[PDB]
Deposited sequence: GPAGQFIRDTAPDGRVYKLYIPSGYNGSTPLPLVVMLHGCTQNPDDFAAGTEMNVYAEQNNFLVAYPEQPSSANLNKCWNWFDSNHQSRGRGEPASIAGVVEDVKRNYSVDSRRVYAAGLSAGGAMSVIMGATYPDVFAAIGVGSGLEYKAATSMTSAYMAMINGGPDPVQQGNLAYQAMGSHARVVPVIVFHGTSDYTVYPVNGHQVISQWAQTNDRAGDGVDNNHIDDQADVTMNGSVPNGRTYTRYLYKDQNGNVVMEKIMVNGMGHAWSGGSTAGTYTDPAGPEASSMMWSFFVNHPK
């Protein structure tokens, strides 16, 4: 019944983005902001339609921003996760996506401690980049079928990384830690990946976890050890849908810092969701709900 609004705006740098404002928004309470980064060939409306994130935003009283990657910036409307120009704080797409957050913060009441970045495919890899470059902004990140930080640094090596994974995740985790500069802090990460993904092969999902284990272990230095050994593993089952395995990674303090959901026989797709959007597998577990719960329990 209660209905919010889905607006389109342009940030000062020309970045188009859409923003879902829930019906419960009255400006008296700073709301969480989930930045949702669409995959290749997608656009904000398609990603909203498939992830259903505006329904969760309506139900949970949070804001959702969908930055748009236009065809003028990448041939396939992919976030340029493989390009050195778009892997560092302060310039390129990381700066532009941070700019969208700043634009929303200026126009609505946003909870600075509950700003998150999630995405599918190239947008999952970009969400990794956002955590490494703007950890002062993003409390936690969700990586749907993505790749580790700097899995490739030119377009020439991007395809190999999609198929075979990036370099040694411990090394890439050091680079992500370096990319954080003086803003370094633990960034909790939830990863989703389908075991029959023929686009971004699941080795990449494993690498994201291993890379962030190192980065988050390093961000704790200068007390709290984090490794890529799963502390709790459980099989789950979707009624009349897919099975999946959940891996939980704790730090020494006992906090869940990372989570990995491998959906058995899923392809390259957002897990769960609706056929109203492209690149969804309605028979998977509901990544949007799972990711939102991970986010809300991992404020900055």
{"item": "Chain regions without C-alpha coordinates, deposited sequence numbering", "value": "223-224"}
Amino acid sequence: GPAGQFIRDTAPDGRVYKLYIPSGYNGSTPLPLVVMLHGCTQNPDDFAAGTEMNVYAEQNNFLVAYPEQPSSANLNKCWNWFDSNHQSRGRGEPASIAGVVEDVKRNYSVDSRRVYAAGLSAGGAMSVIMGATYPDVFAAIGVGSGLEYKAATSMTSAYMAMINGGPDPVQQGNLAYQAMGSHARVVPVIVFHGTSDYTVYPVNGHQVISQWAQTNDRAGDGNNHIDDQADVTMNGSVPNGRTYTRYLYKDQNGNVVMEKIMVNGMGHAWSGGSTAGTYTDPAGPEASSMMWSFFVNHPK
From here on, numbers count along this sequence of modelled residues.
| property | result |
| --- | --- |
| 235-243 or 254-262, whichever carries the higher mean Cα B-factor | 235-243 |
| Greater mean Cα temperature factor according to the PDB record, 161-169 or 186-194 | 161-169 |
| Most elevated Cα B-factor in the entry, residues 207, 127, 215, 229 | 229 |
| Maximum C-alpha temperature factor, selected from 138, 149, 79, 108 | 108 |
| Chain third (lowest, middle, highest) by recorded CA B-factor, residue given as residue 87 | middle |
| CA B-factor ranking of residue 283, expressed as a third of its chain | middle |
| B-factor third for the C-alpha atom of residue 27 within its chain | highest |
| Modelled-residue ranking by C-alpha temperature factor, third containing residue 145 | lowest |
| Modelled-residue ranking by C-alpha temperature factor, third containing residue 117 | lowest |
